[PDB]
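**Student:** I have a structure I would like to understand better, so I am pasting it below and will then ask my questions one at a time.
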Amino acid sequence: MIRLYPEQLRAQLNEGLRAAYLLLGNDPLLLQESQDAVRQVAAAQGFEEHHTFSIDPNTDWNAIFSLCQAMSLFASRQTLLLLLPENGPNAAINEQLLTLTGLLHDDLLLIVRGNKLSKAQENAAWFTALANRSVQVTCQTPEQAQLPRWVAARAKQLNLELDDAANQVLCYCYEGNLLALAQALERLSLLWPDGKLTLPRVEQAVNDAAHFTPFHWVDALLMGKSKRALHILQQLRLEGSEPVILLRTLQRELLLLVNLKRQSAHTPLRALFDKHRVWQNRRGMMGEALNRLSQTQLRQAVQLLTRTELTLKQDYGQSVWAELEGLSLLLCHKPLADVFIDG
Amino acid sequence: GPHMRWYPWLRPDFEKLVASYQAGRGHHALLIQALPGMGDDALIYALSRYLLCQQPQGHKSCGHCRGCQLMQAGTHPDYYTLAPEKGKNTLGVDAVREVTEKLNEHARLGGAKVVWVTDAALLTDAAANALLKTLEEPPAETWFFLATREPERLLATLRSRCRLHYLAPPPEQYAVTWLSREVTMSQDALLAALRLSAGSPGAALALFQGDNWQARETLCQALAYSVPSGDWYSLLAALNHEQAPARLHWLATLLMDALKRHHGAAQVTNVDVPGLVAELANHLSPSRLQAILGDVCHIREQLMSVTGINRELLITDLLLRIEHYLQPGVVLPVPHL
Amino acid sequence: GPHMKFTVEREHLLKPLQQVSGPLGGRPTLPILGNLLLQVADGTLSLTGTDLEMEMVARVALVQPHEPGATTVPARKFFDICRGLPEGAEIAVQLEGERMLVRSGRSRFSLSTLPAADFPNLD
Amino acid sequence: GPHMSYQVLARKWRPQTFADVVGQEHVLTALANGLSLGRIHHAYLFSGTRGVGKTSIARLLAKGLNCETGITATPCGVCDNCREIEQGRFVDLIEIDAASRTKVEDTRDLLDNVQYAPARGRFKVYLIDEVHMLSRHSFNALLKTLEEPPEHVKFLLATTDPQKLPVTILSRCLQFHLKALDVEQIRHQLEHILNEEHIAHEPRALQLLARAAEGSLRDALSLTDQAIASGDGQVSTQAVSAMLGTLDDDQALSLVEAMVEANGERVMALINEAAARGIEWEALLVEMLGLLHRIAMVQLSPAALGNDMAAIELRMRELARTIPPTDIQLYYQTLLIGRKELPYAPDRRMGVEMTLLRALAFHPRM
Amino acid sequence: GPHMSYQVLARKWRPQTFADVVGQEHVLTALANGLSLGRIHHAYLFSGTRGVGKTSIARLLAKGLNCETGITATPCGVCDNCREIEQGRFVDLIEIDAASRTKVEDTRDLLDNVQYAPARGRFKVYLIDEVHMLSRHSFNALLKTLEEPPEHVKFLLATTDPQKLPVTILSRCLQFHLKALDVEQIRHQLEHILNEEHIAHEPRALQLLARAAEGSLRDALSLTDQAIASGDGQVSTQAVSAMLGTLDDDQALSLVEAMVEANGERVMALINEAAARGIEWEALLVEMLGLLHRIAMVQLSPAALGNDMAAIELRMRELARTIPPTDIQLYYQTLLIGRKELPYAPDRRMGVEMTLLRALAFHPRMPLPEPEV
Amino acid sequence: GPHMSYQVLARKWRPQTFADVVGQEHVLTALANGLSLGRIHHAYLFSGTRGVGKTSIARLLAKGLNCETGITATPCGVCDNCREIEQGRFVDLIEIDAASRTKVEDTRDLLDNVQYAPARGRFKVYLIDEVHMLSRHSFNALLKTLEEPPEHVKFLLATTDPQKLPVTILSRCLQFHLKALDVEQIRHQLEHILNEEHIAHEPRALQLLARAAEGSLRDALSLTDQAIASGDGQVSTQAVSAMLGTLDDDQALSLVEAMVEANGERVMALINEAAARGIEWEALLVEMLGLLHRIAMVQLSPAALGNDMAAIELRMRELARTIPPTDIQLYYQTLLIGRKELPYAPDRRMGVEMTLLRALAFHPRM
DNA sequence: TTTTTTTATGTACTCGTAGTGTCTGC
Ligand SMILES: Nc1ncnc2c1ncn2[C@@H]1O[C@H](COP(=O)(O)OP(=O)(O)O)[C@@H](O)[C@H]1O
Ligand SMILES: Nc1ncnc2c1ncn2[C@@H]1O[C@H](COP(=O)(O)OP(=O)(O)O)[C@@H](O)[C@H]1O
Ligand SMILES: Nc1ncnc2c1ncn2[C@@H]1O[C@H](COP(=O)(O)OP(=O)(O)O)[C@@H](O)[C@H]1O
Ligand code: BEF
Ligand code: BEF
Ligand code: BEF
Ligand SMILES: [Mg+2]
Ligand SMILES: [Mg+2]
Ligand SMILES: [Zn+2]
Ligand SMILES: [Zn+2]
Ligand SMILES: [Zn+2]
Ligand SMILES: [Zn+2]
């Protein structure tokens, strides 16, 4: 199994088509781009007839197997496409994929599109049977730090000049939404075909259609970026995510921070992080937070968190969205008034 | 498993209650105010055995008629039970509605009908309201049985339409004798368990049978460690569990006994653990002890009442607020009118 | 517009109605495409049914006094009226305002129509 | 079989004629005047606390509306329609257990059939019981029908909690507030029915039942049936006293005098003794509330005291002679809050202990 | 009058002319001017509290737009269309109880038949009552029809809480908010109705009915019907006061005056008198709280008393001239706490009495003296 | 119907050329450059705020794509199909209200109509309005059609809520997001139509209409039509101000403005106006608490103001800058206590007024 | 580099299945 990124696919595709291609990632844009490149190269190499299927307990599997085992009157080369569910390949789906690999043939090219593969998913034997001769493509969304480099690289690929300001604006407005980022890049390239993009040109045709996760909010709170935390919170509210998800995601980390701040009086943070399986980036963020947070701030944060939880669960109130800004402004560097933490 | 474990203290009441049904003048709705695990379920089961029996005698079921056999097997077309669904501690309105709609048709075996709700305190407002009218004017030969921790906790409308029977707990000496017969342990711990169970022998016996006694010992040790130092956060390790309200109640009883010892009350709920209560009494002032007790009981009530609440956050915040109260110069809460 | 009239037998009308019903009756793309287009010309009757890509037209001979007009009447309702009449009874049809009147032996119906100007036709 | 299951008093003694109704004179007068004068409405909403008689009043109104004698203020009770509606087989009267048929599908299905004619009676009466349990969609489905129903249909809503109804529903109905029955009315009704059924009783027991029923005839009747079952066919004072929960001893006054003196030792000893006697804690707290109320009342105005019980009121005069009014007021407030939060306690005894410890903490030194 | 079977006060006196509406002037003028100028929008939403005239105004607009004569703001009472719409079952108006047609499967059927020409009249008036009850798919179906409807279709949308509508629906149509009626307008309408029905009435009873109506005329008129029932067909101060379950101030003013003067004996005597009358004890506390709140009103601004309390106005002002605002704060808070604690008192009379005792004992100017030491 | 004035301004003033759409340059220029330079996508998905021009711009795209004078941004409007698209119906422009045709049984027929060659124009144009309400199976069918679109068809989907669409549909559509129109653009447009409709107007009335438009030009046009109605064919400042005051719903923010300003008469007048509208009082207190919390968050950091409160951004910013935090905390405490005590009040109106009076007593004016 | 959500009841909506009315060349 050759594991690759969408940057390196072209050369591999020029090396020669592989029996199976597994497009796996959480990013729609990179998955679609890799799929388009694979299909274009296959069409160049004779693969003319394309078939698409969706994996589902409602999938007519017999039709898929017959198509994989039936020759066509025209364009004998065939491409099979599958769309993995959000849960990935289930055990029954794993057996179905094993049977499909058993019927894999030279004249048939197989493409798989779906979310990331969890360890158990590739543990299943069909994955290894494919990996004996296949290529896997990890289309994972670049993190916050890696976004400007990718945006600049794509801009240079698309033959348009981007400065630091426009790149920063695009990164701030389209994070986790690379599809909309490429839509905006096309929009700006077509709006002004001069190829030079600066702050005044890009500040017009860019909206804040970002896509975030609760982990982004928690990491923003940990790093102390109050403005970024508020941006993530507002974006998540506009998206419609359940506030209880945010409450739990913050609660786990906040309880860990409280315990580690309590324990820091006897043991340095280096051993404390290793005690409870804290990862390296998480180790750095947590160390920064524990150094920039006292006991009183953590206690007030927990008090506000439990007040918000009580408001949400027993009163069924709609003030949790506004109250979460209280935590956002309390954790970073700013103590809040007593009445807004208890009452 | 657990079944109709008849208890001696139900004997004077059961013989009475069946009499109210022997003359045929009994109320269709009998709400039993009995402490949990004290024996309300067994009494209701025996009463239903008498009621559904086609050929009964005296104060017990024949055990020979087909109704008795079907009742023993656990299946009967005229014996409906209303219990919380597996994994959920509530009684939905859908089950009550289905039962009420089934009551329209006649009894299959030609006898009477029994609808027994396991715990009326777990009724959802919609379910209790759907049961209101069915309770009021049931069809011919229909019998309702309800059990509750507290009758006043029920809906003010449902409880009105029901004859209320109170099962008096046995005197403390009789209960301690019964549990000494059942369990071979010290008298001090047994009396402490009986007082913890509000005098209900069944709840204390269940506490001893389960791992709750080990948990109480661990919590007492944690309190012993934490009282002089104020390291109340460690109590979380002993407090966070699926039975957190019981342990919060144990802590509340310990604070009760500390306040009593400061006031010098002759008898205490925690007689088996004098060292911990003495340490709590001397180390903590009564003014802050009252605030800690009130906050602990408030957290217990919040944890019990609102379903889906997170035990971790509530218990952690309670411990942190207690630690904050321990520090001098901090305002204390006052009960609200 | 107005003054259009039919006088047709059920036997000479039922079968062309079945032929022109086709796919009509279901929810259409446009509200008009549920109505058969009724036309009179040179003493013959034209039934038209359209699906934005189909057009089935049935011609019926007329030997009765009439008038060369046009209208659009709901397919299901008109077919049910023409089917429920007694066997051999003659249907007399006219128009007034936006109401198309159907008459048989001691029987009268009024149906809501649409102007022929809005009916789509294949170019 | 004349419905043997009716042996329960709450099912047998519901009134069948306007004259049989006890209390509720204002709503009865309004209904009688409306029926006699012809000022008939199409949406009556009888709202009040539980066990007051709004369902029975609504059924009597339906009987009066659908009687073959005419639109009479006093139903005959013997006509074919009256007998049928007593049997419950009357088609023209529809009783909706809205706490069970709360879905909107059933409400819409019912409202689509309002246009049809009644089978036998003049009016197609709709007895919607426990209206507040309907879904919001079910409420909003009723607006057009309640505004302008046909002349042959009438809605008789009956809720125990009018404030949960949408204002658009309260706006279309004649609201009849069923006043809670007084102690005297309950006592007289209980005496009348018990003497009708030839049941041994004592006037003091009836007074206790009326006072402890909390202004409801159904509660008093259920307590009477409980007393009958407990006392073997007689409503004896001792049995009902041990059942409802009474304080014949002066332990309440001793508890008050120990607490107001900040004597925690005596307070806890008295609590232990009372628990050893199986005291009912809520009745105990009620007695302390009454004692403190009388103490404050005599503190304001001399005499006008618990002259009923001279023995304790002498010591009460001493207490009113010593204790400042503010301490009495705060003690009463704390006892009341403890009674309020008594259900929200792991044990009733523990709740009373909480209340008394809070009372002690106000003046622990003095 | 005729009063054929007394077909309910609410239904009988529904407005039939644009001059008969009790004074929603801000919408009446707009509709009359739009009808006169020919600016007939194809969609507008009536909103406002209960029983104000939204449905009645919608019927009036359908009257004006369906009249045989030219489109006028003064529909005729002889017109065949006007008579039919008054009696209902009109050909053009389509009474659509949206609460009974929430499902989109019915809104789609409505939309399928929108293009058919009306049988009579000019505008096929779609009157949708309780619009906020429609399901989301129903609203989205209504969207494009409301944006570009047929030239002979007008939409008559009415609801109680317009905020529940999707915002684009609010955008596609005009908005008319019908303000709740003032007390004087309600009283004048009640006087008109009772005079036309020839029923004896008194000014105080009608003022009380208007006050208890809370700004909604349908409540006022149902309450007037219930008061007529309570009396022997006659509206009087005693009958309405008994029916509403309240006291006509005064008594409560004496209560609050004895409260502020620390005259506990008078407080107890007035409580005994109220018990003799047998009024609701919670009503006593509610009325005392209301009078204290009105005295606070007067304390803030002199022009805080309406004509309704004029009967005691000269008295009430004097209360605001002597009680410092902090004392009225303490009084109001104590009475509110007493009302909070009343349901848990040993007896309702006991709770009210203890509340009065606490109010007078905590009086700063005249506190209850400590007994001996 | 009668007389030309019946034409609704939301319908008659429908833009017909790209020079008529206003405030959407970032989409108009992109469409023009794409049409002129030959760059084209399989489908174009429009999105943004209500009443901004998504459907109008989609119709303009349909006009431009299907003019026989070449695929161009600016259609002539003289030839047959340009007029047929606007006046009457054009055969090759398929307009589908997806809200009316959510079920897959209609989208299946629609995609069975894509394999047929266009009649008049070169490009078969599909305009699907409110595409966010199609069913999931209909979305699957639409995705299947979009996977391999024939060269003679180009889709146009217009919607208000883009978040509901499948990500696989967004991936193949070049979404154009239209920003809410600025106040100045709305005012200039309203002045343009009013001057070209022979309707008198006054600049302050136009500014009020633009501010009340909330950014949607359709709202501005509807309020303009109502303002003309409220009066005699004249947009007077007094009539417009009265109409907006009648329709205004920001009682809470103006009320907290007056409360912090310590203007008791203004607070009472605002409470009167809120009572006239039947505003829920508990909801009013909840909104006021939310506003106070938000302004405190603004005081802590200016980033607390998101795009959700752009309408009232300036007022809240200025009331944050001018007011010390201590007054904010005291007012929040007073309002929270008042909301706690609101249910146990003689009525909600007097309870909320009493809470406001309590708040006004802190730091009053001379 | 793997990590996070409360319930109880009700109200629509859209789709396959499933069972049945009815009726047309079979
Ligand atoms: N006004 C009354 N007159 C006579 N009996 C009454 C009255 N009110 C209640 N009751 C008694 O209470 C029982 C239940 O009355 P019910 O009318 O159901 O009260 P509710 O209003 O709470 O439904 C009746 O069976 C009757 O015995
Ligand atoms: N403005 C008004 N003028 C005259 N009568 C009114 C008015 N508002 C309400 N009413 C009375 O209320 C009855 C019903 O009013 P309605 O318009 O249905 O209120 P709603 O807005 O709640 O539907 C009418 O028949 C009429 O008697
Ligand atoms: N940008 C704009 N320029 C001109 N008129 C507009 C604009 N946006 C909205 N309108 C007006 O609103 C009416 C409806 O516009 P429409 O584009 O259908 O809004 P929507 O985005 O909600 O579908 C149009 O007829 C036009 O009068
Ligand atoms: F208990 Be009743 F129906 F209000
Ligand atoms: F009662 Be109305 F139509 F709101
Ligand atoms: F108002 Be748009 F067409 F969504
Ligand atoms: Mg009832
Ligand atoms: Mg209406
Ligand atoms: Zn048996
Ligand atoms: Zn009769
Ligand atoms: Zn007319
Ligand atoms: Zn052209």
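Counting begins at 1 with the first residue displayed.
In case you wondered, yes, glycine gets a Cβ from its N, Cα and C as well.
Grabbed the feature section from the PDB entry, which reads as follows:
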type: SEQADV; residues: E:1-3; note: expression tag
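Pulled these features from Swiss-Prot for this protein:
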type: BINDING; residues: E:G48, E:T49, E:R50, E:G51, E:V52, E:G53, E:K54, E:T55; note: ATP binding site
type: BINDING; residues: E:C67, E:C76, E:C79, E:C82; note: Zn(2+) binding site
**Student:** Which number gives the other C-beta atoms within 10 angstroms of the C-beta of E:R50 (ATP binding site), all protein chains shown included?
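**Tutor:** Around E:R50 (ATP binding site), other Cβ atoms within 10 Å: 22.
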**Student:** Among all the protein chains here, how many other CB atoms are within 10 A of the CB of E:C67 (Zn(2+) binding site)?
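**Tutor:** The Cβ of E:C67 (Zn(2+) binding site) has 21 Cβ neighbours within 10 Å.
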**Student:** With a 10 Å radius around each C-beta, find which of these binding-site residues (E:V52, E:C76) has the fewest other C-beta atoms nearby.
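**Tutor:** Each of the binding-site residues E:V52, E:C76 was scored by Cβ atoms within 10 Å; lowest is E:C76.
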**Student:** List the other residues in this chain whose Cβ sits within 8 Å of the Cβ centroid of the Zn(2+) site residues E:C67, E:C76, E:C79, E:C82, in sequence order.
**Tutor:** E:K63, E:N66, E:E68, E:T69, E:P75, E:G77, E:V78, E:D80, E:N81, E:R83
**Student:** Which one is it, among the binding-site residues E:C67, E:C76, E:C82, that lies nearest to E:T55 (ATP binding site) by Cα separation?
**Tutor:** E:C82
**Student:** Give the number of CB atoms, excluding that of E:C82 (Zn(2+) binding site) itself, located within 10 Å of its CB.
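**Tutor:** That number is 22.
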**Student:** Measuring Cβ to any atom of ligand 8 with a strict under-6 Å cutoff, which of the binding-site residues E:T55, E:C67, E:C79 qualify?
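**Tutor:** Those binding-site residues that pass the cut-off, since their Cβ is under 6 Å from ligand 8, are E:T55.
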**Student:** Compute the C-alpha separation of E:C67 (Zn(2+) binding site) from E:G51 (ATP binding site), stating it in Å without decimals.
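**Tutor:** With distance taken Cα to Cα, E:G51 (ATP binding site) is 26 Å from E:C67 (Zn(2+) binding site).
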**Student:** Among the binding-site residues E:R50, E:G51, E:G53, which ones place their CB within a distance below 8 Å of a chain D CB?
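**Tutor:** Out of E:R50, E:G51, E:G53, E:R50, E:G51 lie under 8 Å of chain D.
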**Student:** What number of additional C-beta atoms lies within 10 angstroms of the C-beta atom of E:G48 (ATP binding site)?
**Tutor:** 25
**Student:** Could you give the number of helix, strand and coil residues in the expression tag (E:1-3) as assigned by DSSP?
**Tutor:** 0 helix, 0 strand, 3 coil
**Student:** In sequence order, which same-chain residues at least six apart have a C-beta under 8 angstroms from E:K54 (ATP binding site)?
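**Tutor:** E:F46, E:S47, E:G48, E:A158, E:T159, E:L178 - these are the non-local Cβ neighbours of E:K54 (ATP binding site), listed in sequence order.
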**Student:** I need the CA-to-CA distance for E:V52 (ATP binding site) versus E:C79 (Zn(2+) binding site), whole Å please.
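**Tutor:** E:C79 (Zn(2+) binding site) has its Cα 26 Å from the Cα of E:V52 (ATP binding site).
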**Student:** Tell me whether E:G48 (ATP binding site) sits in a helix, a strand or coil according to DSSP.
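**Tutor:** Once the DSSP labels are grouped into three classes, E:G48 (ATP binding site) ends up as strand.
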**Student:** Provide the list of binding-site residues among E:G48, E:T49, E:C76 whose C-beta sits under 8 Å from chain F at the C-beta level, in sequence order; use 'none' for an empty result.
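**Tutor:** Listed in sequence order, the binding-site residues near chain F are E:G48, E:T49.
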**Student:** Which has the fewest other Cβ atoms within 10 Å: E:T49, E:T55, the binding-site residues listed?
**Tutor:** E:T55
**Student:** Which residues of the same chain, at least 6 positions away in sequence, have a Cβ lying under 8 Å from the Cβ of E:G51 (ATP binding site)?
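**Tutor:** Result: E:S216, E:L217, E:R218, E:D219.
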**Student:** Those binding-site residues, E:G48, E:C76, E:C79: which ones have a Cβ sitting under 6 Å from ligand 11?
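**Tutor:** Close enough to ligand 11 are E:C76, E:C79.
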**Student:** Taking Cα atoms as reference points, rank the binding-site residues E:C76, E:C79, E:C82 by distance from E:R50 (ATP binding site) and give the first.
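**Tutor:** That would be E:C82, the closest of E:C76, E:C79, E:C82 to E:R50 (ATP binding site).
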**Student:** State the Cα to Cα distance, in Å, between E:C76 (Zn(2+) binding site) and E:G53 (ATP binding site), rounded to an integer.
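**Tutor:** Cα of E:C76 (Zn(2+) binding site) to Cα of E:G53 (ATP binding site) measures 20 Å after rounding.
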**Student:** Under 6 Å from ligand 2 by C-beta, which of these binding-site residues make it: E:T49, E:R50, E:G51, E:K54, E:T55? Sequence order, please.
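**Tutor:** Near ligand 2, sequence order: E:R50, E:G51, E:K54, E:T55.
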**Student:** C-alpha of E:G53 (ATP binding site) to C-alpha of E:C82 (Zn(2+) binding site): distance in Å?
**Tutor:** 18
